[PDB]
């Protein structure tokens, strides 16, 4: 089998393809021959050292879809031959064969392809807990969502529309703005050209917003707090431009007795029952075509070109999801 691994932290150039022989699964694991592998921004945090792995050398990626080749002795709910997707495996999904704790994998419905599954499983579960659990978005509600033409962004646009809500997205270029509107964003502010705070006040009739979903981190921190109503909720869930550090809590007071939370998938999708309820929702929305997750051909890369996938992702030149094909 082939897997990608890195022996030191650094830029995309530290990623290296290496041959190996997969071990049989533990009693509570299943072995999967990967058909499509998801790329996620957290993959770059781990590679660069912002999030250090358990140890080096290390594999990468926790998301992939494929066919179960073998099953551990204790595994009862899954069998060889089944089609599955997973978003939370031990590091190493950037591989042609990976072993995964069986409670973390979901059985893929026939209507959903491996490429569709790996393009949207981790990101869709994220959109689901963000809009339904962290804060419950209601019909007609206007709210802000950063980086709206990205992997998570484009899914967020479609889910918000399906909910009948009014997502105001931010994007870095004019073409991203169009993709976001096409996906379902009510209005879009280009935060590299416009004045985000003033446009947001204009768009909301001066009322501002009750919740801000911000994955960009460092660059938008202050601007996002300024788009919030008294006692509003700031959801910091990404570090795309850098982590948010050095904050004085007094600022939450000054800005209006605001709330802030910094969630992760692990904090919300913890049991098999949770993974199941969320997958059922997600899968039904993709199968019914309410959420489109097809991937641009230019954004599909051979597994061995994991390095080019990262350079491209980091350069901000993508829209929607990317994939690695084993």
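Numbering follows the first chain given and starts at 1.
Trainee: In the PDB record, does 193 to 201 or 252 to 260 carry the higher mean Cα temperature factor?
Mentor: Higher mean C-alpha B-factor in the PDB entry: 193 to 201.
Trainee: In the PDB record, does 315 to 323 or 2 to 10 carry the higher mean Cα temperature factor?
Mentor: Here the higher of the two C-alpha B-factor means belongs to 2 to 10.
Trainee: Sort 233, 101, 174, 156 by C-alpha B-factor from the entry and give me just the highest.
Mentor: Within the set 233, 101, 174, 156, 101 shows the top C-alpha B-factor.
Trainee: Pick out which of 107, 165, 228, 216 has the highest C-alpha B-factor in the PDB entry.
Mentor: Answer for 107, 165, 228, 216: 107, with the highest C-alpha B-factor.
Trainee: Using the B-factors in the PDB entry, rank residue 51's C-alpha atom against the chain and give the third, lowest, middle or highest.
Mentor: Within its chain, residue 51 is a highest-third residue by C-alpha B-factor, going by the deposited values.
Trainee: When the deposited Cα B-factors of this chain's modelled residues are ordered and cut into thirds, is residue 89 in the lowest, the middle or the highest one?
Mentor: It falls in the middle third of the chain.
Trainee: Which third, lowest, middle or highest, does the C-alpha temperature factor of residue 185 belong to within its own chain?
Mentor: Its C-alpha B-factor, which the entry lists for residue 185, ranks in the lowest third among residues of this chain.
Trainee: Compare the C-alpha B factor of residue 63 with those of the other modelled residues in its chain, then answer lowest, middle or highest third.
Mentor: As the PDB entry reports it, the C-alpha B-factor of residue 63 lands in the lowest third of its chain.
Trainee: Looking at the C-alpha B-factor of residue 279, is it in the lowest, middle or highest third of its chain?
Mentor: As the PDB entry reports it, the C-alpha B-factor of residue 279 lands in the middle third of its chain.
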